[PDB]
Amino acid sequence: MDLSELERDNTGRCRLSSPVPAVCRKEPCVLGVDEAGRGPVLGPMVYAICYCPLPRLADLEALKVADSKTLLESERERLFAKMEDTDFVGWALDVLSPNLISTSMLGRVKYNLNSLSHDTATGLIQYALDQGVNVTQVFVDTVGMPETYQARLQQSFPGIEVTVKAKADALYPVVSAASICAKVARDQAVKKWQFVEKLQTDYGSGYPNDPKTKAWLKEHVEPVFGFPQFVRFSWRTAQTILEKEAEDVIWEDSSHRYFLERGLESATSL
């Protein structure tokens, strides 16, 4: 019933799902997609999907599972549990570690944040399909352009009704519920974050403009390593601090044939 799986070490991806209801396999389902942790320099990014059958859509409105910016962490946890005791509500989470965000964006081939965000979304929609969920309608909340995202998802799912809209959380109840899952999972992920580094608290929201975050960032600068894995190296906030406070690093991106082929030469010094 609780997100206990978030207690173990994360260096890549961490998938969490509710058991698929019996109803969800037969009746046609409606799916909602939302995210938490897109903007912070610190911590993971969580993507969530929430599904329920078409007849029990009004029954989803019956419980006050609507999204709100005012909602407390405890207030969201009560609505999440209220979904868990519901015989028809299903859900699936994807907790992308700051290291996975860093490594993807800072790779040899640039895997952009928006592609990685959209690919995680399709992956959960596909996961549901593979799990016997009869998804016939998909509702997605977007931060930017809905036209391209909707066209993308239609090519990925040509037999499913795809609706991508800005502020879809305030408009559709499935998207509101998915939003509660993402926020709860994000809060719980940053709360009990198992940390890979052998050194050890208050950082704030994790956002770049946050004074506590930039204070924590400046404090945790190491000249050789730069920052611990909890920081998103790809973010311009981390990069600028690194450029001024840490030591320079050079990557490939930024005499007879035998000896020349294997970078060998005679030593003139030491």
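Numbers for residues come from their place in the sequence shown, where the first is 1.
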- Per the entry, how many residues of the deposited chain go unmodelled between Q200 and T201: none, 1 to 3, 4 to 9, or 10 or more? 1 to 3
- Got a sec? Mean C-alpha B-factor, which is higher, 60-68 or 22-30? 60-68
- With reference to the PDB entry, specify whether the mean Cα temperature factor is higher for 201-209 or for 222-230. 201-209
- Largest Cα B-factor, entry values, listed residues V184, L100, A92, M145: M145
- Query: Highest Cα B-factor in the PDB entry belongs to which of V190, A121, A168, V133?
  - Reply: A168
- Item | Chain third (lowest, middle, highest) by recorded CA B-factor, residue given as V196 | highest
- Relative to the other modelled residues of the same chain, rank the CA B-factor of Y111 and answer lowest, middle or highest third. middle
- Message: Looking at the temperature factor on the CA atom of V138, which third of the chain's modelled residues does it land in?
- Response: lowest
- Query: Mind checking which third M105 falls in for C-alpha B-factor across the chain?
  - Reply: lowest
- Task: Name the third of the chain's ranked CA B-factors that contains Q154, choosing lowest, middle or highest.
- Result: middle
